[PDB]
């Protein structure tokens, strides 16, 4: 299972690798702490990388729209950045229910101007993830794909 760089990183020691976001790696040793021995799949070089800078290639952490540990207010601050159109979104962990998630979407209306709507993503015990009783999804990726086509109850369509 490959790992993917979530951010750019510049070597800080002789034994560290430098890499750009999206670069792929094979992990060789992840047992001697926060710094893992890896092989770059662009240069073939072996060295140490910060573990918090990488995630498994098919993980939720690797998704462009997933911002795990981001809070509600900082989600608003991030989506209300310049250039993000109506429908720009992100998925983050729920601050109220462990194992639940939150879908934050940039929207616009008459009373509030540019604002953000938050939708809690729950998970059924013998089922998948859902916002409505209408549909449930085995993964968060499938949920994003579903609401990317039409809003289906949501304030606006997901701009992916």
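Positions refer to the first chain, counted from 1.
Undergrad: Test of understanding: from the entry's C-alpha B-factors, which stretch has the higher mean, 25 to 33 or 115 to 123?
TA: The deposited B-factors put 115 to 123 ahead on the C-alpha mean.
Undergrad: Could you settle it for me: does 133 to 141 or 148 to 156 have the higher average Cα B factor in the PDB entry?
TA: The stretch with the larger mean CA B-factor is 148 to 156.
Undergrad: Could you tell me which one of 44, 50, 128, 47 shows the highest CA temperature factor in the PDB record?
TA: Result of the comparison over 44, 50, 128, 47: 128.
Undergrad: Given 97, 61, 104, 40, identify the residue with the highest C-alpha B factor in the PDB entry.
TA: So the option with the highest C-alpha B-factor is 97.
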